[PDB]
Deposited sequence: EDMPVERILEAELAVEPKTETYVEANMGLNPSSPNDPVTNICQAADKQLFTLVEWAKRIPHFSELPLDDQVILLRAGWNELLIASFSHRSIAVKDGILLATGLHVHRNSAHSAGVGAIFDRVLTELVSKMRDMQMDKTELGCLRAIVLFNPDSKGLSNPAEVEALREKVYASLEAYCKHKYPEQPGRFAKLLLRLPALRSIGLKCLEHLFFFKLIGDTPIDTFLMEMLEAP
């Protein structure tokens, strides 16, 4: 109820017109500020109590950002495009020691997004579903977050079948990339904690805050 994909698309269009690891971390911190502005544009998100807004963003920021730079890289050959305007090529990541996770992003996310031609509206809805994660611990009202998630995938399904009537299994295909996004998001976080532990690789203030407890 009251979750038009038009508003979701606007949010997407509104927030985005030597060591690759350092560049990636720098791009993440930068995008964390934009993520907040993006979320505020997601219908009903700002109507939730501040505490729940913090919990949802802290719980999904990594998956939310991975989804964004992955879709942005659909045109890129073998690499990803950072929000900073730089490109991280597959070989560069490998030469930096993060080849394993990098290839998972290309194979499980980027490549798949390109093969099915995932559009910005679909991207937005998937990110909105992730944002409204009812399983996030500490939620004062998980039921309300649950209702909002259902409204999103309900509007997403409507969008599909209508925009792509020829592809009846598109809606399910979109949601079935979430498990891979969940797995890749966890691995990327593991690397970040290790980078912070080792000391190398500069980590900015907002990214650092996201690594804080819990």
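Stretch of the deposited sequence lacking C-alpha coordinates, numbered from 1: 18 to 34 only.
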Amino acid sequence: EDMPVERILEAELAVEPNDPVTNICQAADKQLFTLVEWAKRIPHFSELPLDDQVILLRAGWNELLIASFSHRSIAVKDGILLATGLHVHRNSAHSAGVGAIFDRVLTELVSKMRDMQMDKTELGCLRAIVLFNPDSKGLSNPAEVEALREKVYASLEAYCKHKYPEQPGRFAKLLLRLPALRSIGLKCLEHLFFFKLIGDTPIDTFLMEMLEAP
From here on, numbers count along this sequence of modelled residues.
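At least a third of the other compared entries skip residue 18 while keeping the residues on either side. Annotation for 95 to 103 versus 72 to 80: the higher mean temperature factor (C-alpha) is found in 72 to 80.
Annotation for 37 to 45 versus 172 to 180: the higher mean temperature factor (C-alpha) is found in 37 to 45. For residue 131, the recorded CA B-factor ranks within the lowest third of the chain. Only modelled residues enter the ranking.
Split the chain's modelled residues into thirds by C-alpha temperature factor. Residue 160 is in the highest one. When the CA B factors of the chain's modelled residues are split into thirds, the value for residue 144 lands in the highest one. When the CA B factors of the chain's modelled residues are split into thirds, the value for residue 51 lands in the highest one.
For residue 118, the recorded CA temperature factor ranks within the middle third of the chain's modelled residues.
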